[PDB]
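Chemist: Sharing a structure, written as structure tokens. Questions coming.
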Amino acid sequence: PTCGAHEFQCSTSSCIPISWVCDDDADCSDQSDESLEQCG
Amino acid sequence: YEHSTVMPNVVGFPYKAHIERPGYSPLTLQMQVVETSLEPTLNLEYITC
Amino acid sequence: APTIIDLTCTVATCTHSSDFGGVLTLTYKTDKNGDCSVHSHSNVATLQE
Ligand SMILES: [Ca+2]
């Protein structure tokens, strides 16, 4: 299930907007958005 | 936040007061009278032996 | 944009003070995650965000 071009996929396969990535908010249930590897 | 209450003068009675601010969650206080003492005022009259 | 259906509004606390003294909660049903432009249609209450 590939998310849209403006959406990010958490490791639980959930889709969140790209603008929510590394925003210091735990949008993904598993904190995949705030993961250190993705944020660099 | 000013408040007022009335509590009994019984030693060891666990009085509980409820404070309900409209903007905050309610709070409960516990006040207990451990010990009292009544002090009169004395005037010495004389001494007998 | 997300499709919002069955949106209800409830207020937790209100206090007409100079600062933002009102907490508002919305219940809704949606299909996707996104961003909505929230506005109030009267000048009796001013939103913060
Ligand atoms: Ca995030």
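Identifiers for the structure tokens are assigned positionally: chains receive A, B, ... in sequence, residues are indexed from 1 per chain, and ligands are indexed from 1 in the order shown.
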Kindly compile the residues surrounding ligand 1 within 9 Å, counting only C-alpha atoms and all ligand atoms, and format them as an MDAnalysis selection string.
Modeler: chainID A and resid 16 18:28 31:35
Chemist: When you get a sec, could you note down which chain C residues fall within 12 Å of chain B, using only C-alpha atoms, as a PyMOL selection string?
Modeler: chain C and resi 11-17+20-23
Chemist: Just C-alpha atoms for this one: save the residues we selected as a short mmCIF file (atom, residue, chain, number, x, y, z; two decimals), in the first residue's frame.
Modeler:
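Saved file part.cif follows:
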```cif
data_model
loop_
_atom_site.label_atom_id
_atom_site.label_comp_id
_atom_site.auth_asym_id
_atom_site.auth_seq_id
_atom_site.Cartn_x
_atom_site.Cartn_y
_atom_site.Cartn_z
CA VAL C 11 -17.33 23.16 25.10
CA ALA C 12 -15.41 22.00 28.17
CA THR C 13 -15.05 25.28 30.09
CA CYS C 14 -15.78 28.92 29.35
CA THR C 15 -14.70 32.11 31.12
CA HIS C 16 -15.12 35.45 29.34
CA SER C 17 -11.71 36.88 30.17
CA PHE C 20 -8.17 32.95 25.52
CA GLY C 21 -10.37 31.47 28.23
CA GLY C 22 -12.33 28.83 26.35
CA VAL C 23 -11.61 25.20 25.46
#
```
Chemist: Any idea what's packed within 9 Å of residue 30 (chain B), counting only C-alpha atoms, ignoring anything in its chain fewer than 2 positions away? Could you give it as a ChimeraX atom specification?
Modeler: /B:14-17,28,32
Chemist: Could you save those same residues with C-alpha atoms as an mmCIF file, in the first residue's frame?
Modeler:
```cif
data_model
loop_
_atom_site.group_PDB
_atom_site.id
_atom_site.type_symbol
_atom_site.label_atom_id
_atom_site.label_comp_id
_atom_site.auth_asym_id
_atom_site.auth_seq_id
_atom_site.Cartn_x
_atom_site.Cartn_y
_atom_site.Cartn_z
ATOM 1 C CA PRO B 14 -10.242 13.598 58.823
ATOM 2 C CA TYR B 15 -11.967 16.679 57.440
ATOM 3 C CA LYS B 16 -11.950 17.034 53.650
ATOM 4 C CA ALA B 17 -12.612 20.270 51.758
ATOM 5 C CA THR B 28 -9.547 18.062 47.654
ATOM 6 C CA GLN B 32 -6.626 17.359 60.750
#
```
Chemist: Using only C-alpha atoms, find each residue of chain C with at least one atom at most 12 Å away from an atom of chain A; report its shortest atom-to-atom pair and that distance in Å (one decimal), sort the rows by chain and rising residue number, and return the result as CSV.
Modeler:
```
residue,atom,partner,partner_atom,distance
C:1,CA,A:17,CA,11.3
C:2,CA,A:17,CA,11.6
C:31,CA,A:15,CA,11.4
C:32,CA,A:15,CA,8.4
C:33,CA,A:16,CA,6.3
C:34,CA,A:17,CA,6.6
C:35,CA,A:17,CA,9.0
```
Chemist: Please produce an output containing N, CA, C and O atoms for each residue in the selection, written as a tab-separated table (two decimals), in the first residue's frame.
Modeler:
```
chain	number	residue	atom	x	y	z
C	1	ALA	N	-8.31	17.22	-0.15
C	1	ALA	CA	-8.70	17.64	1.18
C	1	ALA	C	-9.58	16.57	1.82
C	1	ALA	O	-10.39	15.94	1.14
C	2	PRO	N	-9.43	16.33	3.12
C	2	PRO	CA	-10.26	15.31	3.78
C	2	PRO	C	-11.73	15.69	3.76
C	2	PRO	O	-12.10	16.86	3.83
C	31	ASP	N	-11.97	10.30	6.40
C	31	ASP	CA	-11.38	9.19	5.66
C	31	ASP	C	-9.86	9.25	5.61
C	31	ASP	O	-9.20	8.20	5.59
C	32	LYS	N	-9.28	10.45	5.59
C	32	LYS	CA	-7.84	10.62	5.49
C	32	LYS	C	-7.36	11.59	6.55
C	32	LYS	O	-8.15	12.20	7.28
C	33	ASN	N	-6.04	11.73	6.64
C	33	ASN	CA	-5.41	12.69	7.54
C	33	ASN	C	-4.92	13.88	6.73
C	33	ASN	O	-4.25	13.71	5.71
C	34	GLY	N	-5.26	15.08	7.18
C	34	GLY	CA	-4.88	16.27	6.45
C	34	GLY	C	-4.95	17.51	7.32
C	34	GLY	O	-4.86	17.43	8.54
C	35	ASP	N	-5.10	18.65	6.66
C	35	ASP	CA	-5.19	19.94	7.33
C	35	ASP	C	-6.46	20.65	6.91
C	35	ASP	O	-6.76	20.74	5.71
```
Chemist: Report as JSON, numbers by chain: the residues of chain B with a DSSP assignment of strand (DSSP E), based on the backbone of this structure.
Modeler: {"B": [15, 16, 17, 18, 19, 27, 28, 29, 30, 31]}
Chemist: Print the selection's residues with N, CA, C and O atoms to a file, as a compact mmCIF listing (two decimals), in the first residue's frame.
Modeler:
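Generated output (result.txt):
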```
# COMPACT_ATOMS: atom_id res chain seq x y z
N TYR B 15 -11.15 15.76 58.22
CA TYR B 15 -11.97 16.68 57.44
C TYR B 15 -11.41 16.82 56.03
O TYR B 15 -10.20 16.86 55.82
N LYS B 16 -12.32 16.89 55.05
CA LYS B 16 -11.95 17.03 53.65
C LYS B 16 -12.73 18.19 53.05
O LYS B 16 -13.95 18.25 53.17
N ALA B 17 -12.02 19.10 52.39
CA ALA B 17 -12.61 20.27 51.76
C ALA B 17 -12.50 20.15 50.24
O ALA B 17 -11.48 19.68 49.73
N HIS B 18 -13.54 20.58 49.54
CA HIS B 18 -13.62 20.48 48.09
C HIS B 18 -13.55 21.88 47.50
O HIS B 18 -14.33 22.76 47.89
N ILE B 19 -12.63 22.09 46.57
CA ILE B 19 -12.46 23.36 45.88
C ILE B 19 -12.72 23.13 44.40
O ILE B 19 -12.09 22.26 43.79
N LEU B 27 -10.17 20.08 43.33
CA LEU B 27 -9.11 19.71 44.26
C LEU B 27 -9.73 19.38 45.61
O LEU B 27 -10.77 19.93 45.98
N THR B 28 -9.08 18.48 46.34
CA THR B 28 -9.55 18.06 47.65
C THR B 28 -8.44 18.24 48.68
O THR B 28 -7.32 17.75 48.48
N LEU B 29 -8.75 18.94 49.77
CA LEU B 29 -7.82 19.19 50.85
C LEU B 29 -8.13 18.27 52.02
O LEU B 29 -9.25 17.80 52.18
N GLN B 30 -7.11 18.02 52.85
CA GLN B 30 -7.28 17.24 54.07
C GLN B 30 -6.62 17.99 55.22
O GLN B 30 -5.40 18.20 55.21
N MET B 31 -7.42 18.40 56.20
CA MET B 31 -6.94 19.09 57.38
C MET B 31 -7.35 18.32 58.63
O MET B 31 -8.50 17.87 58.74
```
